[PDB]
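S.K.: Have a look at the structure that comes next, please.
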4 protein chains.
Amino acid sequence: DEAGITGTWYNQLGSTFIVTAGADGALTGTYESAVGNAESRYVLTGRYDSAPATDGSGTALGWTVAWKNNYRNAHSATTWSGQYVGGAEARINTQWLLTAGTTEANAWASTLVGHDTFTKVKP
Amino acid sequence: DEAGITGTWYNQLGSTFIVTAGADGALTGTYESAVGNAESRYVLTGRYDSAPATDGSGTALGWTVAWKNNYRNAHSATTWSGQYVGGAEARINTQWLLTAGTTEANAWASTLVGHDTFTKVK
Amino acid sequence: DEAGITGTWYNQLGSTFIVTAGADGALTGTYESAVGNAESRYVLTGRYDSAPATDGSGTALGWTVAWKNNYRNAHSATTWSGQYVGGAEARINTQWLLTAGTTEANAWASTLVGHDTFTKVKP
Amino acid sequence: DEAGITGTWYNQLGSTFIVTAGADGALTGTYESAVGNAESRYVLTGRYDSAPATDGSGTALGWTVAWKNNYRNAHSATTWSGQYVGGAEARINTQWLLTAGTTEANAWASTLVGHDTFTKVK
Ligand SMILES: [Fe+3]
Ligand SMILES: [Fe+3]
């Protein structure tokens, strides 16, 4: 939901995701990672299902961060894919792909995979 | 690589990715999938490294499609995470995650993973 | 970690992983899934690092289940890749890939990804 | 597909996968990687669907390598999950997860994902 997703989210690492959901299905915001080659806030953009099912299924969504801002450039990008689950203990359950720019000889080693769970309460 | 990425791309399935790269690192555009629960064009947004390394490595990028447009809603979203490699054989090499909305009981089964390679012809 | 890995483990879904670690780095056992329409026990085999680092690093391992037994055949296989953490909170943190047999036209839709955490306590 | 799968396979990196498929669903063999922290052959074990569908679907399978042999220990393991596709041009299409032993604080960064296609030729 628009005002379900909009706001501040924390994952299990202590990273902070501040997002605004548009009526169209846009997500826009900033991300601050607690870990990795990262400092301060990075722009994010994504999309969500702006007319989800009302059968107790989650709301599908995804977003991207390119790890370039006015401090640092890690030459990498992370995408989170997952769903917003509402009601009590609201959460966004995600899996993510982090791709680093590599030479083609090393492209086999370009991409990390993991899982982040975001909650409304600070961990 | 604003000029390198901006344009039409095709993956191995015949899906069509039309993207504009902004100087600020933004990606915006439309995606049309050759497969799945998909009809016509869907909005995409993403981000790329607008100041890449100068050493021959690729340009990292990612984008999202939520599979809702004016025709159809599949209650799902896909993210592609990858890199742009330039030249005459320019390609975008990606891996993707497609999450469908599920109940919490079925959340273990929410997410498909695959790989798409996009090129400028075909 | 031969003694550490050997045992009965449960994940967050209530699945049961019974495994014996061999000195050679072998894992052998049975898996019972609580979800995904599996029935009874399936054979598993895998490998672990039989000489891990001593710095507090986890022990890397992986195993495979093909979802065929005497009762049922899902025409699929799951692999788990992860690490065993020792000491007080002994856990195996994994990500997994579940591939189903598909036609070539449908191969894009062959593979689910997820994450399982296994502990010796049943949830 | 016992004899379909049994034998020598090569991926796009020049790695070599030598495998024996048992009647009982077992896979056993050796793996030699062309890349990464790897020298000589490593033991693999896995499983495959020993009674696949007859509808033109591939045969599901998976295997594991822990990257420790007589020569080296990388403190990591890779699992490949995929399917064997027979007929005219035989291939094993896989995705893989490579997990390195890490501390708990660094476990976010433990796992690489990729895709390997193995063919009969080369
Ligand atoms: Fe690395
Ligand atoms: Fe499905």
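Please note that chains go A, B, ... in the order of the structure tokens, that every chain numbers its residues from 1, and that ligands are numbered from 1 in the order shown.
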Matching every Cα in sequence order between the two identical chains, what are the coordinates of chain B once fitted onto chain D? Write them as a compact mmCIF listing (two decimals) with N, CA, C and O atoms, in the first residue's frame.

M.R.:
```txt
# COMPACT_ATOMS: atom_id res chain seq x y z
N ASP B 1 18.16 -41.05 -17.77
CA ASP B 1 19.21 -40.30 -18.52
C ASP B 1 20.59 -40.58 -17.94
O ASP B 1 21.49 -39.77 -18.08
N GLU B 2 20.75 -41.74 -17.31
CA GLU B 2 22.02 -42.14 -16.73
C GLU B 2 23.15 -42.11 -17.76
O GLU B 2 24.26 -41.66 -17.45
N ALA B 3 22.83 -42.61 -18.97
CA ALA B 3 23.75 -42.69 -20.08
C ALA B 3 23.95 -41.32 -20.71
O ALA B 3 24.97 -41.04 -21.32
N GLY B 4 22.91 -40.48 -20.63
CA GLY B 4 22.98 -39.14 -21.19
C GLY B 4 23.87 -38.21 -20.36
O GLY B 4 24.57 -37.38 -20.92
N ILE B 5 23.86 -38.37 -19.02
CA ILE B 5 24.57 -37.42 -18.17
C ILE B 5 26.03 -37.84 -17.95
O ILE B 5 26.91 -36.99 -17.83
N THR B 6 26.25 -39.16 -17.83
CA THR B 6 27.55 -39.71 -17.52
C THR B 6 28.53 -39.31 -18.64
O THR B 6 28.22 -39.46 -19.82
N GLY B 7 29.67 -38.74 -18.24
CA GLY B 7 30.59 -38.20 -19.21
C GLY B 7 31.24 -36.90 -18.76
O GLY B 7 31.17 -36.51 -17.60
N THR B 8 31.92 -36.28 -19.73
CA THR B 8 32.67 -35.07 -19.53
C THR B 8 31.87 -33.92 -20.08
O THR B 8 31.34 -33.99 -21.21
N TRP B 9 31.82 -32.82 -19.30
CA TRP B 9 31.13 -31.63 -19.74
C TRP B 9 32.04 -30.42 -19.58
O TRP B 9 32.86 -30.40 -18.68
N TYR B 10 31.82 -29.41 -20.42
CA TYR B 10 32.61 -28.19 -20.42
C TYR B 10 31.69 -26.98 -20.32
O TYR B 10 30.70 -26.92 -21.03
N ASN B 11 32.03 -26.00 -19.46
CA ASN B 11 31.21 -24.80 -19.39
C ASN B 11 31.88 -23.69 -20.19
O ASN B 11 32.96 -23.89 -20.77
N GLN B 12 31.24 -22.50 -20.19
CA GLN B 12 31.65 -21.38 -21.02
C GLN B 12 32.99 -20.82 -20.56
O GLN B 12 33.58 -20.05 -21.31
N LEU B 13 33.47 -21.18 -19.36
CA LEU B 13 34.74 -20.70 -18.87
C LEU B 13 35.84 -21.68 -19.29
O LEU B 13 37.00 -21.41 -19.02
N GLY B 14 35.47 -22.87 -19.76
CA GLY B 14 36.44 -23.95 -19.97
C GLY B 14 36.67 -24.85 -18.76
O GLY B 14 37.58 -25.68 -18.75
N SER B 15 35.81 -24.77 -17.74
CA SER B 15 35.92 -25.70 -16.64
C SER B 15 35.44 -27.05 -17.15
O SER B 15 34.65 -27.10 -18.10
N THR B 16 35.89 -28.10 -16.48
CA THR B 16 35.64 -29.47 -16.90
C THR B 16 34.98 -30.23 -15.76
O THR B 16 35.50 -30.24 -14.65
N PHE B 17 33.82 -30.83 -16.07
CA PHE B 17 32.95 -31.53 -15.13
C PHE B 17 32.93 -33.00 -15.61
O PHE B 17 32.43 -33.27 -16.69
N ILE B 18 33.53 -33.92 -14.85
CA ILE B 18 33.47 -35.34 -15.20
C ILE B 18 32.59 -36.10 -14.21
O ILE B 18 32.90 -36.14 -13.03
N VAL B 19 31.47 -36.67 -14.70
CA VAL B 19 30.44 -37.14 -13.78
C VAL B 19 29.97 -38.54 -14.18
O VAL B 19 29.77 -38.84 -15.38
N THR B 20 29.70 -39.34 -13.14
CA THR B 20 29.03 -40.63 -13.28
C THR B 20 27.67 -40.54 -12.62
O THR B 20 27.60 -40.15 -11.46
N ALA B 21 26.62 -40.86 -13.39
CA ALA B 21 25.26 -40.91 -12.87
C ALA B 21 24.90 -42.36 -12.55
O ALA B 21 25.08 -43.24 -13.39
N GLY B 22 24.44 -42.62 -11.32
CA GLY B 22 24.06 -43.95 -10.89
C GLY B 22 22.56 -44.19 -11.09
O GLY B 22 21.79 -43.25 -11.29
N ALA B 23 22.12 -45.45 -11.04
CA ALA B 23 20.72 -45.75 -11.32
C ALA B 23 19.84 -45.22 -10.18
O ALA B 23 18.68 -44.92 -10.41
N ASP B 24 20.43 -45.07 -8.99
CA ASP B 24 19.78 -44.61 -7.76
C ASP B 24 19.57 -43.08 -7.71
O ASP B 24 19.06 -42.57 -6.72
N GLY B 25 19.99 -42.35 -8.74
CA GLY B 25 19.91 -40.90 -8.72
C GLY B 25 21.17 -40.19 -8.25
O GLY B 25 21.17 -38.95 -8.22
N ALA B 26 22.22 -40.93 -7.89
CA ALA B 26 23.50 -40.34 -7.47
C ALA B 26 24.30 -39.76 -8.64
O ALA B 26 24.29 -40.30 -9.76
N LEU B 27 25.00 -38.66 -8.35
CA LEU B 27 26.05 -38.07 -9.19
C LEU B 27 27.33 -38.07 -8.37
O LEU B 27 27.31 -37.67 -7.20
N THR B 28 28.41 -38.57 -8.97
CA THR B 28 29.73 -38.51 -8.35
C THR B 28 30.77 -38.20 -9.42
O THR B 28 30.55 -38.50 -10.56
N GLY B 29 31.87 -37.55 -9.04
CA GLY B 29 32.83 -37.21 -10.06
C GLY B 29 33.83 -36.17 -9.60
O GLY B 29 34.05 -36.05 -8.40
N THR B 30 34.43 -35.50 -10.59
CA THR B 30 35.43 -34.47 -10.37
C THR B 30 35.12 -33.23 -11.20
O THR B 30 34.53 -33.29 -12.27
N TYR B 31 35.58 -32.09 -10.64
CA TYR B 31 35.37 -30.79 -11.23
C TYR B 31 36.74 -30.12 -11.26
O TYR B 31 37.45 -30.14 -10.27
N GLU B 32 37.06 -29.50 -12.39
CA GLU B 32 38.26 -28.70 -12.49
C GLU B 32 37.86 -27.33 -13.00
O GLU B 32 37.37 -27.21 -14.12
N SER B 33 38.09 -26.30 -12.19
CA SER B 33 37.68 -24.96 -12.58
C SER B 33 38.78 -24.25 -13.39
O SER B 33 39.93 -24.23 -12.97
N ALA B 34 38.37 -23.55 -14.44
CA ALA B 34 39.29 -22.79 -15.28
C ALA B 34 39.67 -21.49 -14.59
O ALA B 34 40.64 -20.84 -15.00
N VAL B 35 38.91 -21.11 -13.53
CA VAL B 35 39.03 -19.81 -12.88
C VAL B 35 39.07 -19.93 -11.36
O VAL B 35 38.69 -20.95 -10.80
N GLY B 36 39.41 -18.83 -10.69
CA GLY B 36 39.31 -18.70 -9.25
C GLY B 36 40.44 -19.41 -8.50
O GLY B 36 41.49 -19.72 -9.08
N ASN B 37 40.22 -19.62 -7.21
CA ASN B 37 41.22 -20.15 -6.29
C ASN B 37 41.13 -21.68 -6.30
O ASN B 37 40.68 -22.27 -5.31
N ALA B 38 41.60 -22.26 -7.42
CA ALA B 38 41.32 -23.65 -7.77
C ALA B 38 42.48 -24.25 -8.56
O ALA B 38 42.88 -23.75 -9.61
N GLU B 39 42.95 -25.39 -8.07
CA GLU B 39 44.00 -26.14 -8.74
C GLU B 39 43.65 -27.62 -8.76
O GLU B 39 43.37 -28.22 -7.73
N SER B 40 43.73 -28.17 -9.97
CA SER B 40 43.52 -29.57 -10.26
C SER B 40 42.05 -29.91 -10.01
O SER B 40 41.19 -29.03 -10.18
N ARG B 41 41.80 -31.17 -9.63
CA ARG B 41 40.47 -31.77 -9.64
C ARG B 41 39.92 -31.80 -8.22
O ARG B 41 40.66 -32.01 -7.27
N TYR B 42 38.59 -31.58 -8.08
CA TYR B 42 37.94 -31.58 -6.79
C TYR B 42 36.80 -32.58 -6.87
O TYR B 42 36.21 -32.70 -7.93
N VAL B 43 36.50 -33.23 -5.73
CA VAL B 43 35.42 -34.19 -5.66
C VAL B 43 34.09 -33.43 -5.79
O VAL B 43 33.95 -32.35 -5.21
N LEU B 44 33.16 -33.98 -6.59
CA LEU B 44 31.78 -33.54 -6.53
C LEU B 44 30.84 -34.70 -6.19
O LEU B 44 31.08 -35.86 -6.51
N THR B 45 29.71 -34.33 -5.57
CA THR B 45 28.62 -35.25 -5.37
C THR B 45 27.34 -34.48 -5.63
O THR B 45 27.25 -33.28 -5.32
N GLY B 46 26.34 -35.20 -6.10
CA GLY B 46 25.02 -34.65 -6.27
C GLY B 46 23.95 -35.69 -6.53
O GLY B 46 24.11 -36.87 -6.26
N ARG B 47 22.82 -35.19 -7.03
CA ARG B 47 21.61 -36.00 -7.24
C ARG B 47 20.95 -35.53 -8.52
O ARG B 47 21.02 -34.35 -8.92
N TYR B 48 20.30 -36.45 -9.24
CA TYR B 48 19.48 -36.09 -10.36
C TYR B 48 18.15 -36.86 -10.28
O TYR B 48 18.06 -37.89 -9.64
N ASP B 49 17.16 -36.38 -11.01
CA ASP B 49 15.89 -37.07 -11.21
C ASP B 49 16.09 -38.27 -12.15
O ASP B 49 16.18 -38.09 -13.36
N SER B 50 16.14 -39.46 -11.56
CA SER B 50 16.35 -40.69 -12.31
C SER B 50 15.07 -41.27 -12.93
O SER B 50 15.15 -42.27 -13.61
N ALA B 51 13.93 -40.58 -12.81
CA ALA B 51 12.72 -40.98 -13.51
C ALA B 51 12.00 -39.76 -14.04
O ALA B 51 10.91 -39.44 -13.60
N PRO B 52 12.59 -39.01 -14.99
CA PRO B 52 12.01 -37.73 -15.41
C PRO B 52 10.70 -37.85 -16.17
O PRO B 52 10.30 -38.94 -16.58
N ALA B 53 10.06 -36.69 -16.33
CA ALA B 53 8.82 -36.57 -17.07
C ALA B 53 9.09 -36.92 -18.52
O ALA B 53 10.21 -36.82 -19.01
N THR B 54 8.04 -37.34 -19.22
CA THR B 54 8.24 -37.95 -20.52
C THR B 54 7.85 -36.94 -21.61
O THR B 54 7.83 -37.28 -22.78
N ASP B 55 7.65 -35.68 -21.20
CA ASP B 55 6.88 -34.70 -21.95
C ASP B 55 7.77 -33.69 -22.69
O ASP B 55 7.27 -32.68 -23.18
N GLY B 56 9.08 -33.93 -22.76
CA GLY B 56 9.99 -32.98 -23.35
C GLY B 56 10.69 -32.07 -22.33
O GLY B 56 11.61 -31.36 -22.70
N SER B 57 10.27 -32.06 -21.06
CA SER B 57 10.95 -31.21 -20.09
C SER B 57 12.35 -31.77 -19.76
O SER B 57 12.67 -32.92 -20.04
N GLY B 58 13.24 -30.92 -19.25
CA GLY B 58 14.56 -31.37 -18.82
C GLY B 58 14.55 -32.22 -17.55
O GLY B 58 13.55 -32.35 -16.86
N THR B 59 15.73 -32.79 -17.27
CA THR B 59 15.99 -33.62 -16.12
C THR B 59 16.68 -32.78 -15.04
O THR B 59 17.83 -32.36 -15.23
N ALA B 60 15.98 -32.51 -13.94
CA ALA B 60 16.54 -31.73 -12.86
C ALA B 60 17.72 -32.42 -12.17
O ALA B 60 17.75 -33.66 -11.95
N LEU B 61 18.73 -31.60 -11.77
CA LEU B 61 19.88 -32.13 -11.08
C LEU B 61 20.58 -31.04 -10.29
O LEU B 61 20.32 -29.86 -10.49
N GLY B 62 21.47 -31.48 -9.43
CA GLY B 62 22.30 -30.54 -8.71
C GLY B 62 23.56 -31.21 -8.22
O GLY B 62 23.59 -32.42 -8.02
N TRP B 63 24.61 -30.44 -8.00
CA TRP B 63 25.79 -31.02 -7.36
C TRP B 63 26.56 -29.96 -6.58
O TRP B 63 26.37 -28.77 -6.77
N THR B 64 27.45 -30.45 -5.71
CA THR B 64 28.26 -29.59 -4.87
C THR B 64 29.72 -29.91 -5.10
O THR B 64 30.10 -31.09 -5.14
N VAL B 65 30.55 -28.86 -5.09
CA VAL B 65 32.00 -28.99 -4.90
C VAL B 65 32.42 -28.18 -3.67
O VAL B 65 32.11 -27.01 -3.62
N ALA B 66 33.11 -28.79 -2.70
CA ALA B 66 33.85 -28.03 -1.69
C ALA B 66 35.28 -27.88 -2.18
O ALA B 66 35.88 -28.85 -2.62
N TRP B 67 35.78 -26.64 -2.17
CA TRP B 67 37.00 -26.29 -2.88
C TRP B 67 38.23 -26.61 -2.02
O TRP B 67 39.09 -25.75 -1.83
N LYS B 68 38.24 -27.84 -1.50
CA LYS B 68 39.39 -28.41 -0.79
C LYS B 68 39.77 -29.73 -1.45
O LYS B 68 38.94 -30.60 -1.68
N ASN B 69 41.05 -29.82 -1.84
CA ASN B 69 41.61 -31.05 -2.36
C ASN B 69 43.02 -31.18 -1.75
O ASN B 69 43.30 -30.57 -0.72
N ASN B 70 43.87 -31.99 -2.38
CA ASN B 70 45.21 -32.22 -1.85
C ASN B 70 46.17 -31.06 -2.10
O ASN B 70 47.21 -30.99 -1.43
N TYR B 71 45.82 -30.17 -3.04
CA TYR B 71 46.65 -29.04 -3.42
C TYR B 71 46.29 -27.74 -2.70
O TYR B 71 47.18 -26.95 -2.45
N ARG B 72 45.00 -27.50 -2.38
CA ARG B 72 44.54 -26.15 -2.07
C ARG B 72 43.23 -26.23 -1.30
O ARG B 72 42.48 -27.20 -1.46
N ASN B 73 43.00 -25.25 -0.42
CA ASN B 73 41.72 -25.12 0.26
C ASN B 73 41.30 -23.65 0.15
O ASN B 73 41.97 -22.80 0.70
N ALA B 74 40.21 -23.36 -0.58
CA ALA B 74 39.69 -22.01 -0.69
C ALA B 74 38.62 -21.69 0.36
O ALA B 74 38.09 -20.58 0.33
N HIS B 75 38.31 -22.61 1.29
CA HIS B 75 37.32 -22.41 2.33
C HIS B 75 35.99 -21.90 1.75
O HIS B 75 35.44 -20.89 2.17
N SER B 76 35.49 -22.66 0.78
CA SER B 76 34.31 -22.23 0.03
C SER B 76 33.74 -23.48 -0.61
O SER B 76 34.42 -24.53 -0.67
N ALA B 77 32.47 -23.38 -1.01
CA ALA B 77 31.79 -24.45 -1.69
C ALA B 77 30.84 -23.85 -2.74
O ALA B 77 30.24 -22.81 -2.51
N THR B 78 30.67 -24.55 -3.86
CA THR B 78 29.73 -24.13 -4.88
C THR B 78 28.72 -25.24 -5.09
O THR B 78 29.07 -26.42 -5.17
N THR B 79 27.45 -24.85 -5.19
CA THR B 79 26.41 -25.73 -5.67
C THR B 79 25.86 -25.23 -7.01
O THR B 79 25.68 -24.03 -7.23
N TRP B 80 25.67 -26.18 -7.93
CA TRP B 80 25.00 -25.98 -9.20
C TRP B 80 23.66 -26.65 -9.19
O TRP B 80 23.55 -27.84 -8.85
N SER B 81 22.63 -25.89 -9.57
CA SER B 81 21.28 -26.39 -9.66
C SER B 81 20.80 -26.15 -11.09
O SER B 81 20.95 -25.07 -11.65
N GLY B 82 20.25 -27.17 -11.73
CA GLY B 82 20.02 -27.03 -13.15
C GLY B 82 19.23 -28.19 -13.74
O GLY B 82 18.58 -28.96 -13.03
N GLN B 83 19.27 -28.26 -15.07
CA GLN B 83 18.62 -29.34 -15.76
C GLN B 83 19.45 -29.75 -16.98
O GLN B 83 20.10 -28.93 -17.63
N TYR B 84 19.39 -31.06 -17.21
CA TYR B 84 19.95 -31.70 -18.39
C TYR B 84 18.88 -31.72 -19.48
O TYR B 84 17.73 -32.10 -19.25
N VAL B 85 19.28 -31.26 -20.67
CA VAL B 85 18.47 -31.30 -21.88
C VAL B 85 19.24 -32.16 -22.89
O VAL B 85 20.42 -31.92 -23.17
N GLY B 86 18.60 -33.22 -23.39
CA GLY B 86 19.29 -34.22 -24.20
C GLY B 86 19.27 -33.90 -25.69
O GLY B 86 18.74 -32.86 -26.10
N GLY B 87 19.84 -34.81 -26.50
CA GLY B 87 19.86 -34.67 -27.95
C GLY B 87 21.27 -34.45 -28.50
O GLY B 87 22.26 -34.70 -27.81
N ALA B 88 21.35 -33.98 -29.75
CA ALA B 88 22.61 -33.74 -30.43
C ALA B 88 23.27 -32.49 -29.86
O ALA B 88 24.50 -32.42 -29.77
N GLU B 89 22.45 -31.50 -29.49
CA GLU B 89 22.90 -30.30 -28.80
C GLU B 89 22.60 -30.41 -27.30
O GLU B 89 22.01 -29.50 -26.73
N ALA B 90 22.99 -31.55 -26.70
CA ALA B 90 22.80 -31.82 -25.28
C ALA B 90 23.50 -30.74 -24.46
O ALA B 90 24.65 -30.37 -24.74
N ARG B 91 22.82 -30.29 -23.41
CA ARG B 91 23.42 -29.29 -22.54
C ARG B 91 22.93 -29.50 -21.11
O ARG B 91 21.88 -30.12 -20.88
N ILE B 92 23.73 -29.02 -20.16
CA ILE B 92 23.26 -28.84 -18.78
C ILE B 92 23.28 -27.35 -18.48
O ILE B 92 24.35 -26.77 -18.45
N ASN B 93 22.10 -26.79 -18.23
CA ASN B 93 21.90 -25.38 -17.97
C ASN B 93 21.76 -25.22 -16.46
O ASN B 93 20.90 -25.87 -15.85
N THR B 94 22.67 -24.44 -15.87
CA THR B 94 22.73 -24.30 -14.43
C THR B 94 22.76 -22.85 -13.97
O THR B 94 23.19 -21.92 -14.69
N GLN B 95 22.34 -22.71 -12.71
CA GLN B 95 22.69 -21.55 -11.92
C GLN B 95 23.39 -22.06 -10.65
O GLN B 95 23.11 -23.14 -10.14
N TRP B 96 24.28 -21.25 -10.11
CA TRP B 96 25.16 -21.73 -9.06
C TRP B 96 25.25 -20.69 -7.94
O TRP B 96 25.07 -19.49 -8.19
N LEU B 97 25.60 -21.18 -6.74
CA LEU B 97 25.83 -20.38 -5.54
C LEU B 97 27.19 -20.81 -4.99
O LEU B 97 27.35 -21.96 -4.63
N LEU B 98 28.11 -19.85 -4.81
CA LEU B 98 29.43 -20.12 -4.27
C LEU B 98 29.58 -19.39 -2.93
O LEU B 98 29.76 -18.16 -2.97
N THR B 99 29.51 -20.14 -1.81
CA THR B 99 29.57 -19.55 -0.48
C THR B 99 31.00 -19.72 0.04
O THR B 99 31.56 -20.83 0.06
N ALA B 100 31.55 -18.62 0.50
CA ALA B 100 32.82 -18.63 1.21
C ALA B 100 32.56 -18.55 2.72
O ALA B 100 31.62 -17.91 3.18
N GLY B 101 33.42 -19.23 3.50
CA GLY B 101 33.35 -19.10 4.94
C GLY B 101 33.66 -17.66 5.33
O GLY B 101 34.58 -17.05 4.80
N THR B 102 32.81 -17.06 6.13
CA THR B 102 33.02 -15.69 6.59
C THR B 102 32.74 -15.61 8.09
O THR B 102 32.09 -16.49 8.64
N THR B 103 33.13 -14.49 8.73
CA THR B 103 32.60 -14.19 10.05
C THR B 103 31.12 -13.83 9.93
O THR B 103 30.63 -13.48 8.86
N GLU B 104 30.41 -13.89 11.06
CA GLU B 104 28.98 -13.63 11.06
C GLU B 104 28.73 -12.18 10.67
O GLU B 104 27.74 -11.90 10.00
N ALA B 105 29.66 -11.29 11.02
CA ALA B 105 29.56 -9.89 10.62
C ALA B 105 29.62 -9.73 9.10
O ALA B 105 29.08 -8.77 8.56
N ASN B 106 30.35 -10.62 8.41
CA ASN B 106 30.52 -10.47 6.97
C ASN B 106 29.65 -11.49 6.21
O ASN B 106 29.86 -11.70 5.04
N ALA B 107 28.67 -12.09 6.88
CA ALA B 107 27.90 -13.18 6.30
C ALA B 107 27.01 -12.65 5.17
O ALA B 107 26.70 -13.38 4.22
N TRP B 108 26.70 -11.35 5.19
CA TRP B 108 25.92 -10.76 4.11
C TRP B 108 26.66 -10.89 2.79
O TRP B 108 26.05 -10.82 1.72
N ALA B 109 28.00 -11.01 2.84
CA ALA B 109 28.81 -10.95 1.65
C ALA B 109 29.42 -12.32 1.34
O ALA B 109 30.42 -12.36 0.63
N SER B 110 28.78 -13.39 1.80
CA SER B 110 29.38 -14.71 1.73
C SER B 110 29.20 -15.36 0.36
O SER B 110 29.96 -16.28 0.05
N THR B 111 28.16 -14.97 -0.41
CA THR B 111 27.67 -15.85 -1.48
C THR B 111 27.62 -15.14 -2.85
O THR B 111 26.94 -14.13 -3.02
N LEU B 112 28.36 -15.70 -3.82
CA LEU B 112 28.29 -15.31 -5.22
C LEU B 112 27.23 -16.16 -5.92
O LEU B 112 27.00 -17.32 -5.56
N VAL B 113 26.61 -15.58 -6.96
CA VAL B 113 25.66 -16.28 -7.81
C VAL B 113 26.07 -16.09 -9.26
O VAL B 113 26.53 -15.03 -9.65
N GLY B 114 25.90 -17.14 -10.06
CA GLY B 114 26.21 -17.05 -11.48
C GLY B 114 25.44 -18.10 -12.24
O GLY B 114 24.60 -18.82 -11.68
N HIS B 115 25.78 -18.25 -13.52
CA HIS B 115 25.13 -19.25 -14.34
C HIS B 115 26.19 -19.91 -15.22
O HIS B 115 27.04 -19.21 -15.78
N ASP B 116 26.12 -21.24 -15.33
CA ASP B 116 27.04 -22.00 -16.17
C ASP B 116 26.21 -22.86 -17.10
O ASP B 116 25.27 -23.53 -16.67
N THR B 117 26.58 -22.87 -18.39
CA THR B 117 25.99 -23.77 -19.36
C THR B 117 27.07 -24.76 -19.80
O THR B 117 28.15 -24.34 -20.23
N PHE B 118 26.80 -26.04 -19.61
CA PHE B 118 27.77 -27.07 -19.94
C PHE B 118 27.35 -27.76 -21.24
O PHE B 118 26.18 -28.06 -21.42
N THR B 119 28.33 -28.05 -22.10
CA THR B 119 28.04 -28.81 -23.30
C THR B 119 29.07 -29.93 -23.42
O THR B 119 30.01 -30.02 -22.64
N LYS B 120 28.85 -30.83 -24.40
CA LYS B 120 29.70 -32.01 -24.49
C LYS B 120 30.97 -31.75 -25.32
O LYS B 120 31.92 -32.49 -25.17
N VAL B 121 31.07 -30.64 -26.05
CA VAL B 121 32.27 -30.36 -26.82
C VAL B 121 32.82 -29.01 -26.39
O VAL B 121 32.07 -28.24 -25.78
N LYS B 122 34.13 -28.77 -26.61
CA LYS B 122 34.85 -27.55 -26.26
C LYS B 122 35.60 -27.77 -24.94
O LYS B 122 36.77 -28.23 -25.01
```

S.K.: Mind listing the helix (DSSP H, G or I) residues of chain D, per DSSP on the backbone, as a PyMOL selection string?

M.R.: chain D and resi 2-5+104-109

S.K.: Just the number, please: distance in Å from atom CA of residue 18 of chain C to atom CA of residue 44 of chain C, one decimal.

M.R.: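 Computing it gives 9.0 Å between the two atoms.
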
S.K.: Residues of chain C were defined as contacting chain A if any atom lay at most 9 Å from it, counting only C-alpha atoms; please report them as a PyMOL selection string.

M.R.: chain C and resi 95+113-115

S.K.: For the selection you just gave me, I'd like the residues written to a file as a PDB file, in the first residue's frame, keeping C-alpha atoms.

M.R.:
```pdb
ATOM      1  CA  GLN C  95      20.728 -19.959   0.273  1.00  0.00           C
ATOM      2  CA  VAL C 113      15.772 -19.007  -4.999  1.00  0.00           C
ATOM      3  CA  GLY C 114      15.427 -18.682  -1.261  1.00  0.00           C
ATOM      4  CA  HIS C 115      17.196 -18.798   2.068  1.00  0.00           C
TER       5      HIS C 115
END
```

S.K.: When you count only C-alpha atoms and all ligand atoms, which of these residues is closest to ligand 1: A:64, A:30, A:99, A:50?

M.R.: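 Smallest distance to ligand 1 is found for A:99.
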
S.K.: Need to verify the contact set: residue 122 of chain A, 12 Å, only C-alpha atoms, exclusion of same-chain residues closer than 4 positions in sequence. Can you return it as a count of residues only?

M.R.: 12

S.K.: Give me, as an NGL selection string, the contact residues of chain C against chain D at a cut-off of 8 Å, counting only C-alpha atoms.

M.R.: :C and (25 or 44-53 or 56-68 or 73 or 75-83 or 95-104 or 111)

S.K.: Please produce a file of those selected residues containing C-alpha atoms, as a compact mmCIF listing (two decimals), in the first residue's frame.

M.R.:
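Output file part.txt is given in full below:
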```txt
# COMPACT_ATOMS: atom_id res chain seq x y z
CA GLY C 25 34.37 -33.86 3.54
CA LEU C 44 20.81 -35.93 0.12
CA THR C 45 24.50 -35.79 -0.63
CA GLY C 46 26.95 -32.95 -0.36
CA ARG C 47 30.38 -31.66 0.67
CA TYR C 48 31.85 -29.46 3.38
CA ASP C 49 35.27 -27.94 4.09
CA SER C 50 36.82 -30.56 6.40
CA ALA C 51 39.72 -28.24 7.33
CA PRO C 52 38.12 -24.78 7.90
CA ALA C 53 39.79 -21.55 9.02
CA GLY C 56 35.90 -17.50 13.63
CA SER C 57 34.95 -17.89 9.93
CA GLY C 58 32.16 -20.36 9.15
CA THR C 59 32.59 -23.78 7.55
CA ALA C 60 31.48 -23.75 3.90
CA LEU C 61 29.22 -26.55 2.72
CA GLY C 62 26.53 -27.53 0.23
CA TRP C 63 24.16 -30.39 -0.51
CA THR C 64 21.62 -31.54 -3.06
CA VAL C 65 18.21 -33.18 -2.87
CA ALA C 66 16.52 -34.54 -6.03
CA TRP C 67 12.82 -34.60 -5.13
CA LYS C 68 12.26 -38.22 -6.18
CA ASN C 73 8.62 -37.27 -7.94
CA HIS C 75 11.01 -33.56 -11.32
CA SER C 76 13.09 -31.01 -9.46
CA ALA C 77 16.27 -30.64 -7.42
CA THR C 78 17.31 -28.25 -4.67
CA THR C 79 20.83 -27.27 -3.78
CA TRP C 80 21.73 -25.52 -0.56
CA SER C 81 24.92 -23.52 -0.32
CA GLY C 82 25.98 -21.97 2.95
CA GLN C 83 28.09 -22.18 6.06
CA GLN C 95 20.73 -19.96 0.27
CA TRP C 96 19.18 -22.44 -2.10
CA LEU C 97 18.28 -22.97 -5.77
CA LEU C 98 15.33 -25.19 -6.65
CA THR C 99 15.32 -26.13 -10.35
CA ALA C 100 12.38 -27.87 -11.97
CA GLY C 101 12.58 -29.75 -15.25
CA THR C 102 11.05 -27.53 -17.95
CA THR C 103 10.80 -27.39 -21.72
CA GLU C 104 13.37 -25.10 -23.32
CA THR C 111 14.52 -21.90 -10.87
```
